[PDB]
């Protein structure tokens, strides 16, 4: 059995009001035309809680959704979906700050991982797409083009293990086709890579300069 305690206008809930839904979990805050509208808080049966701005019975504008588990989103909503600027903390400790579209990461975004890794760059369909920089915990670093959370196209990868930066084509997160490899010495290699293994050397200069 559902129930309400608040302000009535015309024949509908309007103004401040607290509402208990048939399923466990309540709402307290602002109402317009019998819909949740304005600043209010919802406590869900599943233990999740939203407090922030509503419009036409949905989360719209700035709001904070904290989950039963660590997960917490602080940012903007449009029609009950995460939309625009937003910061999401994952249970893991990983954090995304940046641009959301239709409950997916889309645009400029920085994801700082709990393992010390961090990526900043362009996102599309909730995955890295376009330019970006991944800096690995170990000291390895990528800078260049991404396709579907994979290093794809022209990129520069540095390997902390042996120095030796690579400049060239990437395919499916591995270096493929023409490229250049500088080692810490000043030794450079030009040629072709096949699935991350060097096949052919075009040039083999030194020129430390």
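Positions refer to the first chain, counted from 1.
Q.
Mean CA temperature factor from the deposited coordinates, higher in 65-73 or in 180-188?
A. The entry gives the higher C-alpha B-factor average to 180-188.
Q: Could you say whether, by C-alpha temperature factor, residue 175 belongs to the lowest, middle or highest third of its chain?
A: According to the entry, residue 175 has a C-alpha B-factor in the chain's highest third.
Q. C-alpha B factor of residue 81, ranked within the chain: lowest, middle or highest third?
A. Within its chain, residue 81 is a middle-third residue by C-alpha B-factor, going by the deposited values.
Q. Which third, lowest, middle or highest, does the CA B-factor of residue 164 fall in along this chain?
A. It belongs to the highest third of the chain when residues are ordered by C-alpha B-factor.
(Q) Taking only the Cα B-factors deposited for this chain, tell me whether residue 153 sits in the lowest, middle or highest third. (A) It falls in the top third of the chain.
Q | residue 127 by Cα B-factor - lowest, middle or highest third of the modelled chain | A | Middle third by C-alpha B-factor.
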